[PDB]
Amino acid sequence: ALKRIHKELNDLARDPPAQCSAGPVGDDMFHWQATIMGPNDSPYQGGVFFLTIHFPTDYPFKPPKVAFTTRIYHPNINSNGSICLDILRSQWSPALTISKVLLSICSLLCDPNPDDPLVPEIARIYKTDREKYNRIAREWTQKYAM
Amino acid sequence: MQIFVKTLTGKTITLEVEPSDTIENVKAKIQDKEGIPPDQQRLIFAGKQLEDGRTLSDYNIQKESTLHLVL
Amino acid sequence: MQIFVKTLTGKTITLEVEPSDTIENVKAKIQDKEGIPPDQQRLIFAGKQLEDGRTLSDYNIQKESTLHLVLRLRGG
Amino acid sequence: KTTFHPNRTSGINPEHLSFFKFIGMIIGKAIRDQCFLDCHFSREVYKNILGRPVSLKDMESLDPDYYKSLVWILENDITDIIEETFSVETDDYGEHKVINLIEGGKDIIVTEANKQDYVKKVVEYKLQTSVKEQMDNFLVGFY
Amino acid sequence: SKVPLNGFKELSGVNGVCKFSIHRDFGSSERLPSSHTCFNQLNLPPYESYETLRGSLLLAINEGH
């Protein structure tokens with residue numbers, strides 16, 4: 001399975017479609033660190049968020065594990081860093097790649113999903129209190145993105 | 001496979017057995033080879049007596065295993 | 001130095017050992033944490049069983065080494 | 001986590017066959033004694049004890065997501081994405097080992113022309129051959 | 001549907017040990033209670049009456065299957 005991970009790393013280092021930079025750490029190809037830039041037209045703009053990725057030994061037969069090391073303010077992102085994502089939970093397919101999941105994460109950051117929130121407080125604030133959501137997201141980005 | 005049975009003073013005999021063979025079958029083979037009835041045979045392996053109702057794999061008996069016969 | 005001992009699926013534990021100590025010392029140090037008597041613990045490394053008489057130096061043990069722990073299946 | 005399946009590496013302890021047989025007899029007595037056990041077994045164990053053949057459907061219970069990937073390889077597409085061969089790599093207590101599903105399985109590359117047999121061999125090895133002796137002892141103990 | 005061997009203190013999720021958690025939801029009270037199995041999370045609306053809560057929970061658990 002190491003060959004697939006090497007191919008994914010080569011693709012990411014060659015032409016990473018997502019606005020992110022990820023690579024193996026600790027001389028281990030199964031453990032990766034990734035950086036996601038803050039998308040424009042959003043309070044996260046100008047912030048970089050750090051994520052930790054664990055590749056199962058059965059990759060690509062098993063979805064990778066993704067956690068948000070950097071604190072973020074998002075209804076669908078847990079404070080501790082846990083994430084909710086269908087492609088990593090039930091819709092995972094071997095055809096999927098690290099770049100695809102990174103693009104999905106970037107999109108989810110661009111368009112939150114209050115309909116299936118892991119933090120109802122933030123979901124309600126974003127839905128009915130857009131100004132508060134923007135302000136709090138900006139503060140959290142300034143504090144924990146740079 | 002084959003196992004070996006040795007007495008305190010007598011020689012060593014060879015018995016062709018399988019893991020599913022019960023200790024009763026081992027005693028029957030011993031009787032066939034030497035004539036000793038099963039009731040007069042006591043089998044010991046690793047210092048532990050062997051019961052009739054169990055098999056070889058139960059006591060971790062393998063090929064070329066050596067057993068002690070006491071009458 | 002320090003060494004790591006791990007079970008098949010349970011947690012991992014750390015021991016403070018040195019190359020000269022026999023596997024008896026490692027088993028005893030395991031006992032203080034979990035309580036398994038040395039006679040019941042089976043320690044393996046690199047897929048080869050270990051022995052009480054030998055020591056870490058005999059098994060070319062080094063730093064940040066991971067051993068595997070199993071519970072004895074006494075035969076009778 | 002609640003349900004368990006027999007361990008392939010049980011061979012480390014020489015007495016593992018006898019202990020599997022003992023587990024079989026105690027389970028049989030529990031059924032006879034009408035004492036429910038919170039323990040559970042993978043679908044493979046139930047199918048084998050009932051005599052039914054084991055297939056990828058049992059593999060679903062053991063590895064739900066991985067079974068999904070296997071079935072996706074078999075039918076949902078033409079795979080040809082991974083360079084996996086007809087062999088399985090395992091780490092037995094730090095010792096890396098490779099087991100050939102079929103003769104020369106290490107070198108033969110998995111392709112769409114041999115994926116149908118590849119998946120069948122993989123599931124058969126995972127469920128039945130890897131546990132042949134242990135499960136036979138368990139079954140004879142139960143019966 | 002299987003409780004952990006030790007009990008409900010042994011509840012585990014994708015990331016490891018994770019106890020059952022109930023979280024208030026301010027959405028419309030008509031919203032059916034939602035759940036996230038990845039962390040044993042249950043987002044529940046504050047139903048005014050016990051009968052309404054029981055009906056909503058029954059509907060959710062039945063529609064789950």
# chains A, B, ... in the order shown; residues from 1 in each chain; ligands from 1

$ interface_residues --of "chain B" --to "chain C" --cutoff "8 Å" --atoms "only C-alpha atoms" --output "list in words"
residues 46, 48, 59 and 60 of chain B

$ residues_around --residues "residue 1 in chain D" --least-positions-apart "6" --cutoff "9 Å" --atoms "only C-alpha atoms" --output "JSON, numbers by chain"
{"E": [4, 5, 12]}

$ interface_residues --of "chain C" --to "chain D" --cutoff "7 Å" --atoms "only C-alpha atoms" --output "number ranges by chain"
C: 45-47, 68, 73, 75

$ select_by_dssp --residues "range 33-125 of chain A" --states "alpha helix (DSSP H)" --output "mmCIF file with N, CA, C and O atoms, in the first residue's frame"
data_model
loop_
_atom_site.group_PDB
_atom_site.id
_atom_site.type_symbol
_atom_site.label_atom_id
_atom_site.label_comp_id
_atom_site.auth_asym_id
_atom_site.auth_seq_id
_atom_site.Cartn_x
_atom_site.Cartn_y
_atom_site.Cartn_z
ATOM 1 N N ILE A 98 -5.983 11.811 -1.335
ATOM 2 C CA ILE A 98 -5.756 12.818 -0.303
ATOM 3 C C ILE A 98 -6.099 14.206 -0.831
ATOM 4 O O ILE A 98 -6.671 15.039 -0.114
ATOM 5 N N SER A 99 -5.756 14.480 -2.091
ATOM 6 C CA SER A 99 -6.067 15.783 -2.671
ATOM 7 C C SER A 99 -7.572 16.011 -2.733
ATOM 8 O O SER A 99 -8.049 17.125 -2.488
ATOM 9 N N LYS A 100 -8.336 14.970 -3.069
ATOM 10 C CA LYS A 100 -9.787 15.115 -3.145
ATOM 11 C C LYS A 100 -10.382 15.456 -1.783
ATOM 12 O O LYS A 100 -11.240 16.340 -1.675
ATOM 13 N N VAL A 101 -9.940 14.767 -0.728
ATOM 14 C CA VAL A 101 -10.467 15.054 0.604
ATOM 15 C C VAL A 101 -10.027 16.438 1.065
ATOM 16 O O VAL A 101 -10.773 17.141 1.754
ATOM 17 N N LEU A 102 -8.808 16.851 0.708
ATOM 18 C CA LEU A 102 -8.371 18.202 1.049
ATOM 19 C C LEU A 102 -9.234 19.249 0.352
ATOM 20 O O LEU A 102 -9.605 20.264 0.956
ATOM 21 N N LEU A 103 -9.566 19.019 -0.919
ATOM 22 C CA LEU A 103 -10.462 19.928 -1.628
ATOM 23 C C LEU A 103 -11.838 19.956 -0.975
ATOM 24 O O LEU A 103 -12.460 21.019 -0.857
ATOM 25 N N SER A 104 -12.335 18.790 -0.554
ATOM 26 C CA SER A 104 -13.627 18.741 0.124
ATOM 27 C C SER A 104 -13.591 19.520 1.432
ATOM 28 O O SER A 104 -14.554 20.212 1.778
ATOM 29 N N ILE A 105 -12.494 19.405 2.182
ATOM 30 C CA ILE A 105 -12.355 20.160 3.426
ATOM 31 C C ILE A 105 -12.329 21.655 3.138
ATOM 32 O O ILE A 105 -12.967 22.450 3.841
ATOM 33 N N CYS A 106 -11.587 22.062 2.106
ATOM 34 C CA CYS A 106 -11.546 23.475 1.747
ATOM 35 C C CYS A 106 -12.937 23.984 1.391
ATOM 36 O O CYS A 106 -13.341 25.070 1.822
ATOM 37 N N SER A 107 -13.691 23.204 0.613
ATOM 38 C CA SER A 107 -15.057 23.598 0.288
ATOM 39 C C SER A 107 -15.905 23.715 1.547
ATOM 40 O O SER A 107 -16.523 24.756 1.792
ATOM 41 N N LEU A 108 -15.920 22.668 2.376
ATOM 42 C CA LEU A 108 -16.709 22.706 3.603
ATOM 43 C C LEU A 108 -16.391 23.953 4.413
ATOM 44 O O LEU A 108 -17.289 24.582 4.983
ATOM 45 N N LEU A 109 -15.112 24.333 4.470
ATOM 46 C CA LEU A 109 -14.754 25.597 5.101
ATOM 47 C C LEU A 109 -15.394 26.769 4.367
ATOM 48 O O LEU A 109 -15.868 27.723 4.996
ATOM 49 N N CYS A 110 -15.416 26.717 3.032
ATOM 50 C CA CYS A 110 -16.022 27.802 2.264
ATOM 51 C C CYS A 110 -17.525 27.892 2.512
ATOM 52 O O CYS A 110 -18.049 28.977 2.789
ATOM 53 N N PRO A 120 -24.257 22.684 17.698
ATOM 54 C CA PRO A 120 -25.467 23.462 17.381
ATOM 55 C C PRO A 120 -25.347 24.939 17.715
ATOM 56 O O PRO A 120 -25.980 25.765 17.046
ATOM 57 N N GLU A 121 -24.561 25.297 18.731
ATOM 58 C CA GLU A 121 -24.392 26.706 19.073
ATOM 59 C C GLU A 121 -23.851 27.490 17.885
ATOM 60 O O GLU A 121 -24.420 28.514 17.481
ATOM 61 N N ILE A 122 -22.748 27.012 17.304
ATOM 62 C CA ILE A 122 -22.125 27.719 16.192
ATOM 63 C C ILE A 122 -23.033 27.693 14.971
ATOM 64 O O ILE A 122 -23.097 28.664 14.211
ATOM 65 N N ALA A 123 -23.743 26.583 14.757
ATOM 66 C CA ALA A 123 -24.662 26.505 13.626
ATOM 67 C C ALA A 123 -25.748 27.568 13.733
ATOM 68 O O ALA A 123 -26.034 28.282 12.765
ATOM 69 N N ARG A 124 -26.362 27.690 14.911
ATOM 70 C CA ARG A 124 -27.396 28.700 15.105
ATOM 71 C C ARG A 124 -26.825 30.103 14.962
ATOM 72 O O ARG A 124 -27.447 30.978 14.346
ATOM 73 N N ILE A 125 -25.638 30.339 15.527
ATOM 74 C CA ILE A 125 -25.027 31.661 15.431
ATOM 75 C C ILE A 125 -24.787 32.028 13.973
ATOM 76 O O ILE A 125 -25.071 33.152 13.544
#

$ residues_around --residues "residue 12 in chain B" --least-positions-apart "6" --cutoff "12 Å" --atoms "only C-alpha atoms" --output "PDB file with N, CA and C atoms, in the first residue's frame"
ATOM      1  N   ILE B   3       4.677 -41.200  17.617  1.00  0.00           N
ATOM      2  CA  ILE B   3       5.060 -40.867  18.981  1.00  0.00           C
ATOM      3  C   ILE B   3       5.755 -42.076  19.591  1.00  0.00           C
ATOM      4  N   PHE B   4       6.484 -41.827  20.675  1.00  0.00           N
ATOM      5  CA  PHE B   4       7.259 -42.851  21.356  1.00  0.00           C
ATOM      6  C   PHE B   4       6.766 -43.006  22.788  1.00  0.00           C
ATOM      7  N   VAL B   5       6.641 -44.255  23.228  1.00  0.00           N
ATOM      8  CA  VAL B   5       6.238 -44.589  24.589  1.00  0.00           C
ATOM      9  C   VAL B   5       7.357 -45.400  25.224  1.00  0.00           C
ATOM     10  N   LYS B   6       7.822 -44.956  26.390  1.00  0.00           N
ATOM     11  CA  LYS B   6       8.935 -45.579  27.089  1.00  0.00           C
ATOM     12  C   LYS B   6       8.500 -45.947  28.501  1.00  0.00           C
ATOM     13  N   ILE B  30      -1.356 -49.550  22.354  1.00  0.00           N
ATOM     14  CA  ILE B  30      -0.357 -50.120  23.253  1.00  0.00           C
ATOM     15  C   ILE B  30      -0.711 -51.563  23.586  1.00  0.00           C
ATOM     16  N   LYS B  33       0.057 -53.771  20.593  1.00  0.00           N
ATOM     17  CA  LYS B  33       1.482 -54.001  20.385  1.00  0.00           C
ATOM     18  C   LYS B  33       2.069 -54.912  21.460  1.00  0.00           C
ATOM     19  N   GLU B  34       1.666 -54.722  22.720  1.00  0.00           N
ATOM     20  CA  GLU B  34       2.258 -55.436  23.842  1.00  0.00           C
ATOM     21  C   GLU B  34       1.290 -56.332  24.601  1.00  0.00           C
ATOM     22  N   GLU B  64       6.929 -37.233  17.358  1.00  0.00           N
ATOM     23  CA  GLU B  64       8.092 -37.701  18.104  1.00  0.00           C
ATOM     24  C   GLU B  64       7.972 -37.435  19.599  1.00  0.00           C
ATOM     25  N   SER B  65       6.780 -37.100  20.088  1.00  0.00           N
ATOM     26  CA  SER B  65       6.603 -36.852  21.511  1.00  0.00           C
ATOM     27  C   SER B  65       6.889 -38.118  22.308  1.00  0.00           C
ATOM     28  N   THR B  66       7.541 -37.950  23.454  1.00  0.00           N
ATOM     29  CA  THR B  66       7.912 -39.061  24.319  1.00  0.00           C
ATOM     30  C   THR B  66       6.988 -39.095  25.530  1.00  0.00           C
ATOM     31  N   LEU B  67       6.375 -40.250  25.767  1.00  0.00           N
ATOM     32  CA  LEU B  67       5.479 -40.459  26.893  1.00  0.00           C
ATOM     33  C   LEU B  67       6.051 -41.543  27.795  1.00  0.00           C
ATOM     34  N   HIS B  68       5.705 -41.474  29.078  1.00  0.00           N
ATOM     35  CA  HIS B  68       6.151 -42.440  30.071  1.00  0.00           C
ATOM     36  C   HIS B  68       4.988 -43.346  30.447  1.00  0.00           C
ATOM     37  N   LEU B  69       5.220 -44.653  30.385  1.00  0.00           N
ATOM     38  CA  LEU B  69       4.215 -45.657  30.707  1.00  0.00           C
ATOM     39  C   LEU B  69       4.552 -46.269  32.060  1.00  0.00           C
TER      40      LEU B  69
END

$ atom_distance --atom1 "CA of residue 33 in chain A" --atom2 "CA of residue 56 in chain A"
14.8 Å

$ closest_atom_pairs --of "range 9-83 of chain D" --to "range 132-140 of chain D" --cutoff "9 Å" --atoms "only C-alpha atoms" --output "Markdown table"
| residue | atom | partner | partner_atom | distance |
| --- | --- | --- | --- | --- |
| D:10 | CA | D:134 | CA | 8.1 |
| D:11 | CA | D:134 | CA | 8.9 |
| D:16 | CA | D:134 | CA | 7.5 |
| D:17 | CA | D:134 | CA | 5.6 |
| D:18 | CA | D:137 | CA | 7.2 |
| D:19 | CA | D:138 | CA | 8.4 |
| D:20 | CA | D:138 | CA | 4.9 |
| D:21 | CA | D:138 | CA | 4.5 |
| D:22 | CA | D:138 | CA | 7.5 |
| D:23 | CA | D:138 | CA | 6.7 |
| D:24 | CA | D:138 | CA | 4.8 |
| D:25 | CA | D:138 | CA | 8.0 |
| D:45 | CA | D:135 | CA | 8.1 |
| D:48 | CA | D:139 | CA | 8.5 |
| D:49 | CA | D:139 | CA | 6.5 |

$ write_last_selection --atoms "C-alpha atoms" --output "CSV table (one decimal), in the first residue's frame"
chain,number,residue,atom,x,y,z
D,10,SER,CA,-2.5,-17.9,18.2
D,11,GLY,CA,0.3,-20.3,17.1
D,16,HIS,CA,-3.8,-22.6,21.5
D,17,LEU,CA,-5.6,-25.5,19.7
D,18,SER,CA,-6.5,-27.0,23.0
D,19,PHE,CA,-7.7,-23.7,24.4
D,20,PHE,CA,-9.8,-23.1,21.2
D,21,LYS,CA,-11.4,-26.6,21.8
D,22,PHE,CA,-12.0,-25.6,25.4
D,23,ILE,CA,-13.7,-22.4,24.3
D,24,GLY,CA,-15.9,-24.6,22.0
D,25,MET,CA,-17.0,-26.9,24.8
D,45,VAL,CA,-17.8,-18.1,12.8
D,48,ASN,CA,-18.9,-22.1,9.6
D,49,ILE,CA,-20.5,-23.6,12.8

$ residues_around --residues "residue 2 in chain E" --least-positions-apart "6" --cutoff "10 Å" --atoms "only C-alpha atoms" --output "PyMOL selection string"
chain D and resi 1-3+38-40

$ select_by_dssp --residues "chain B" --states "strand (DSSP E)" --output "ChimeraX atom specification"
/B:2-7,12-16,42-45,48-49,66-70

$ residues_around --residues "residue 70 in chain B" --least-positions-apart "2" --cutoff "10 Å" --atoms "only C-alpha atoms" --output "PyMOL selection string"
chain B and resi 6-9+40-44+67-68

$ residues_around --residues "residue 4 in chain A" --least-positions-apart "2" --cutoff "9 Å" --atoms "only C-alpha atoms" --output "count of residues only"
11

$ residues_around --residues "residue 14 in chain C" --least-positions-apart "4" --cutoff "10 Å" --atoms "only C-alpha atoms" --output "number ranges by chain"
C: 2-6, 29-30, 33, 64, 66

$ write_last_selection --atoms "N, CA and C atoms" --output "PDB file, in the first residue's frame"
ATOM      1  N   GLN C   2      15.175   3.816  28.092  1.00  0.00           N
ATOM      2  CA  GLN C   2      13.768   3.473  28.205  1.00  0.00           C
ATOM      3  C   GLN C   2      13.357   2.556  27.060  1.00  0.00           C
ATOM      4  N   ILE C   3      12.400   1.673  27.347  1.00  0.00           N
ATOM      5  CA  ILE C   3      11.864   0.737  26.367  1.00  0.00           C
ATOM      6  C   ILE C   3      10.345   0.734  26.477  1.00  0.00           C
ATOM      7  N   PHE C   4       9.697   0.260  25.415  1.00  0.00           N
ATOM      8  CA  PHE C   4       8.244   0.213  25.329  1.00  0.00           C
ATOM      9  C   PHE C   4       7.774  -1.232  25.231  1.00  0.00           C
ATOM     10  N   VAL C   5       6.694  -1.540  25.945  1.00  0.00           N
ATOM     11  CA  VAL C   5       6.052  -2.849  25.902  1.00  0.00           C
ATOM     12  C   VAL C   5       4.587  -2.639  25.551  1.00  0.00           C
ATOM     13  N   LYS C   6       4.101  -3.389  24.564  1.00  0.00           N
ATOM     14  CA  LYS C   6       2.752  -3.223  24.048  1.00  0.00           C
ATOM     15  C   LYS C   6       2.056  -4.575  23.988  1.00  0.00           C
ATOM     16  N   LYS C  29       9.467  -5.520  36.271  1.00  0.00           N
ATOM     17  CA  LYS C  29       9.037  -4.140  36.075  1.00  0.00           C
ATOM     18  C   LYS C  29       7.677  -4.073  35.394  1.00  0.00           C
ATOM     19  N   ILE C  30       7.387  -5.018  34.497  1.00  0.00           N
ATOM     20  CA  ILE C  30       6.042  -5.122  33.941  1.00  0.00           C
ATOM     21  C   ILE C  30       5.044  -5.449  35.043  1.00  0.00           C
ATOM     22  N   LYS C  33       3.458  -2.632  37.221  1.00  0.00           N
ATOM     23  CA  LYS C  33       2.447  -1.809  36.568  1.00  0.00           C
ATOM     24  C   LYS C  33       1.136  -2.563  36.369  1.00  0.00           C
ATOM     25  N   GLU C  64      14.231   3.092  22.428  1.00  0.00           N
ATOM     26  CA  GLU C  64      12.936   3.214  21.756  1.00  0.00           C
ATOM     27  C   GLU C  64      12.568   1.919  21.033  1.00  0.00           C
ATOM     28  N   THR C  66      10.293  -1.601  20.884  1.00  0.00           N
ATOM     29  CA  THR C  66       8.943  -2.033  21.222  1.00  0.00           C
ATOM     30  C   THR C  66       8.911  -3.554  21.300  1.00  0.00           C
TER      31      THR C  66
END

$ interface_residues --of "chain E" --to "chain D" --cutoff "12 Å" --atoms "only C-alpha atoms" --output "list in words"
residues 1, 2, 3, 4, 5, 6, 7, 10, 11, 12, 13, 14, 16 and 17 of chain E

$ write_last_selection --atoms "N, CA, C and O atoms" --output "mmCIF file, in the first residue's frame"
data_model
loop_
_atom_site.group_PDB
_atom_site.id
_atom_site.type_symbol
_atom_site.label_atom_id
_atom_site.label_comp_id
_atom_site.auth_asym_id
_atom_site.auth_seq_id
_atom_site.Cartn_x
_atom_site.Cartn_y
_atom_site.Cartn_z
ATOM 1 N N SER E 1 -25.743 -1.774 18.254
ATOM 2 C CA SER E 1 -26.728 -2.133 19.266
ATOM 3 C C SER E 1 -26.116 -2.840 20.468
ATOM 4 O O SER E 1 -26.858 -3.253 21.366
ATOM 5 N N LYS E 2 -24.796 -2.985 20.513
ATOM 6 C CA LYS E 2 -24.113 -3.709 21.580
ATOM 7 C C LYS E 2 -23.450 -2.709 22.516
ATOM 8 O O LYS E 2 -22.661 -1.867 22.073
ATOM 9 N N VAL E 3 -23.770 -2.802 23.803
ATOM 10 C CA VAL E 3 -23.135 -1.969 24.821
ATOM 11 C C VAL E 3 -21.697 -2.442 24.990
ATOM 12 O O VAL E 3 -21.413 -3.631 24.782
ATOM 13 N N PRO E 4 -20.760 -1.568 25.360
ATOM 14 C CA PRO E 4 -19.382 -2.024 25.566
ATOM 15 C C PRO E 4 -19.302 -3.053 26.683
ATOM 16 O O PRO E 4 -20.112 -3.059 27.613
ATOM 17 N N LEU E 5 -18.311 -3.941 26.571
ATOM 18 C CA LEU E 5 -18.151 -5.028 27.532
ATOM 19 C C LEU E 5 -18.217 -4.517 28.967
ATOM 20 O O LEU E 5 -19.046 -4.968 29.766
ATOM 21 N N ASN E 6 -17.344 -3.568 29.312
ATOM 22 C CA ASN E 6 -17.314 -3.058 30.680
ATOM 23 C C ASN E 6 -18.621 -2.367 31.042
ATOM 24 O O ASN E 6 -19.147 -2.552 32.146
ATOM 25 N N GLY E 7 -19.159 -1.572 30.132
ATOM 26 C CA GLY E 7 -20.369 -0.821 30.384
ATOM 27 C C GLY E 7 -20.404 0.416 29.511
ATOM 28 O O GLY E 7 -19.707 0.498 28.504
ATOM 29 N N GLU E 10 -17.213 2.577 28.856
ATOM 30 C CA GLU E 10 -16.265 2.115 27.854
ATOM 31 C C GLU E 10 -16.661 2.527 26.442
ATOM 32 O O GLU E 10 -16.072 2.034 25.475
ATOM 33 N N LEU E 11 -17.647 3.412 26.302
ATOM 34 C CA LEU E 11 -18.082 3.849 24.982
ATOM 35 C C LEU E 11 -16.902 4.399 24.194
ATOM 36 O O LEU E 11 -16.118 5.203 24.705
ATOM 37 N N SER E 12 -16.783 3.962 22.943
ATOM 38 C CA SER E 12 -15.670 4.341 22.088
ATOM 39 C C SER E 12 -16.189 4.798 20.733
ATOM 40 O O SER E 12 -17.202 4.299 20.235
ATOM 41 N N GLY E 13 -15.478 5.756 20.143
ATOM 42 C CA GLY E 13 -15.807 6.255 18.825
ATOM 43 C C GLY E 13 -14.663 6.080 17.848
ATOM 44 O O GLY E 13 -13.802 5.217 18.042
ATOM 45 N N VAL E 14 -14.644 6.892 16.791
ATOM 46 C CA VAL E 14 -13.571 6.797 15.804
ATOM 47 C C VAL E 14 -12.231 7.144 16.439
ATOM 48 O O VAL E 14 -11.217 6.481 16.186
ATOM 49 N N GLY E 16 -11.439 6.979 19.614
ATOM 50 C CA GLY E 16 -11.167 6.244 20.834
ATOM 51 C C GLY E 16 -12.303 6.329 21.829
ATOM 52 O O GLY E 16 -13.474 6.367 21.440
ATOM 53 N N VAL E 17 -11.972 6.365 23.122
ATOM 54 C CA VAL E 17 -13.004 6.425 24.150
ATOM 55 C C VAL E 17 -13.792 7.716 24.002
ATOM 56 O O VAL E 17 -13.218 8.807 23.887
#

$ atom_distance --atom1 "CA of residue 27 in chain D" --atom2 "CA of residue 41 in chain D"
11.5 Å

$ interface_residues --of "chain B" --to "chain D" --cutoff "12 Å" --atoms "only C-alpha atoms" --output "number ranges by chain"
B: 19-20, 54-62

$ write_last_selection --atoms "N, CA and C atoms" --output "PDB file, in the first residue's frame"
ATOM      1  N   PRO B  19      -3.650 -36.187  15.764  1.00  0.00           N
ATOM      2  CA  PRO B  19      -4.141 -35.336  16.861  1.00  0.00           C
ATOM      3  C   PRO B  19      -5.540 -35.699  17.322  1.00  0.00           C
ATOM      4  N   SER B  20      -6.405 -36.154  16.413  1.00  0.00           N
ATOM      5  CA  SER B  20      -7.765 -36.514  16.795  1.00  0.00           C
ATOM      6  C   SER B  20      -7.820 -37.806  17.598  1.00  0.00           C
ATOM      7  N   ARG B  54      -9.578 -37.523  26.629  1.00  0.00           N
ATOM      8  CA  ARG B  54      -8.999 -36.429  25.863  1.00  0.00           C
ATOM      9  C   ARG B  54      -8.105 -36.973  24.754  1.00  0.00           C
ATOM     10  N   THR B  55      -7.615 -36.057  23.922  1.00  0.00           N
ATOM     11  CA  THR B  55      -6.821 -36.383  22.746  1.00  0.00           C
ATOM     12  C   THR B  55      -5.388 -35.892  22.923  1.00  0.00           C
ATOM     13  N   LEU B  56      -4.586 -36.086  21.873  1.00  0.00           N
ATOM     14  CA  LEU B  56      -3.176 -35.714  21.936  1.00  0.00           C
ATOM     15  C   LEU B  56      -2.999 -34.201  21.906  1.00  0.00           C
ATOM     16  N   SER B  57      -3.725 -33.515  21.021  1.00  0.00           N
ATOM     17  CA  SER B  57      -3.597 -32.065  20.920  1.00  0.00           C
ATOM     18  C   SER B  57      -4.017 -31.363  22.204  1.00  0.00           C
ATOM     19  N   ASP B  58      -4.842 -32.009  23.030  1.00  0.00           N
ATOM     20  CA  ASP B  58      -5.264 -31.394  24.283  1.00  0.00           C
ATOM     21  C   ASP B  58      -4.078 -31.157  25.209  1.00  0.00           C
ATOM     22  N   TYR B  59      -3.149 -32.110  25.267  1.00  0.00           N
ATOM     23  CA  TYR B  59      -1.991 -32.032  26.146  1.00  0.00           C
ATOM     24  C   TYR B  59      -0.748 -31.512  25.436  1.00  0.00           C
ATOM     25  N   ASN B  60      -0.894 -30.983  24.221  1.00  0.00           N
ATOM     26  CA  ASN B  60       0.232 -30.451  23.455  1.00  0.00           C
ATOM     27  C   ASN B  60       1.211 -31.559  23.070  1.00  0.00           C
ATOM     28  N   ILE B  61       0.678 -32.693  22.629  1.00  0.00           N
ATOM     29  CA  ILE B  61       1.491 -33.810  22.163  1.00  0.00           C
ATOM     30  C   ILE B  61       1.664 -33.683  20.657  1.00  0.00           C
ATOM     31  N   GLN B  62       2.912 -33.750  20.197  1.00  0.00           N
ATOM     32  CA  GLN B  62       3.220 -33.568  18.783  1.00  0.00           C
ATOM     33  C   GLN B  62       4.031 -34.744  18.251  1.00  0.00           C
TER      34      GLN B  62
END

$ interface_residues --of "chain D" --to "chain A" --cutoff "10 Å" --atoms "only C-alpha atoms" --output "PyMOL selection string"
chain D and resi 63-70+72-73+77+79+81-84+89

$ write_last_selection --atoms "C-alpha atoms" --output "short mmCIF file (atom, residue, chain, number, x, y, z; two decimals), in the first residue's frame"
data_model
loop_
_atom_site.label_atom_id
_atom_site.label_comp_id
_atom_site.auth_asym_id
_atom_site.auth_seq_id
_atom_site.Cartn_x
_atom_site.Cartn_y
_atom_site.Cartn_z
CA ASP D 63 -14.27 -5.09 7.85
CA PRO D 64 -17.31 -3.02 6.80
CA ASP D 65 -15.44 -0.21 5.04
CA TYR D 66 -12.71 -2.50 3.69
CA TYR D 67 -15.40 -4.87 2.41
CA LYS D 68 -16.92 -1.85 0.66
CA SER D 69 -13.57 -1.20 -1.02
CA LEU D 70 -13.30 -4.86 -2.04
CA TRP D 72 -16.06 -1.59 -5.31
CA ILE D 73 -12.90 -3.12 -6.79
CA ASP D 77 -15.23 -0.16 -11.55
CA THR D 79 -9.83 -0.95 -10.54
CA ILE D 81 -5.38 1.70 -9.52
CA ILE D 82 -3.20 -0.21 -7.00
CA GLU D 83 -0.17 -2.39 -7.70
CA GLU D 84 -1.28 -4.97 -5.13
CA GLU D 89 1.80 -8.45 4.11
#

$ interface_residues --of "chain A" --to "chain E" --cutoff "12 Å" --atoms "only C-alpha atoms" --output "MDAnalysis selection string"
chainID A and resid 54 63:67 76 78 80:86 88:90 114:125 127:128

$ write_last_selection --atoms "C-alpha atoms" --output "tab-separated table (two decimals), in the first residue's frame"
chain	number	residue	atom	x	y	z
A	54	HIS	CA	-3.22	9.36	9.81
A	63	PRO	CA	-10.50	6.34	4.69
A	64	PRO	CA	-7.73	8.49	6.17
A	65	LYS	CA	-8.19	9.97	9.63
A	66	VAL	CA	-8.23	13.78	9.65
A	67	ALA	CA	-8.10	16.04	12.71
A	76	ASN	CA	-19.14	21.15	11.56
A	78	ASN	CA	-15.30	20.02	16.77
A	80	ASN	CA	-10.98	19.33	19.98
A	81	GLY	CA	-10.32	19.02	16.23
A	82	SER	CA	-12.65	16.17	15.22
A	83	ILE	CA	-14.32	16.54	11.82
A	84	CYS	CA	-17.53	15.32	10.20
A	85	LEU	CA	-17.23	14.32	6.54
A	86	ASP	CA	-19.22	11.74	4.59
A	88	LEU	CA	-14.24	9.85	5.17
A	89	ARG	CA	-17.04	8.00	7.00
A	90	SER	CA	-19.36	6.01	4.71
A	114	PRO	CA	-25.61	23.97	9.54
A	115	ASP	CA	-28.07	21.21	8.60
A	116	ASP	CA	-25.71	18.57	10.06
A	117	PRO	CA	-23.73	20.43	12.74
A	118	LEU	CA	-21.37	19.01	15.33
A	119	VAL	CA	-21.86	22.18	17.42
A	120	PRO	CA	-25.47	23.46	17.38
A	121	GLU	CA	-24.39	26.71	19.07
A	122	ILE	CA	-22.12	27.72	16.19
A	123	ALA	CA	-24.66	26.51	13.63
A	124	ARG	CA	-27.40	28.70	15.10
A	125	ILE	CA	-25.03	31.66	15.43
A	127	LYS	CA	-27.61	30.87	10.56
A	128	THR	CA	-29.32	33.69	12.49
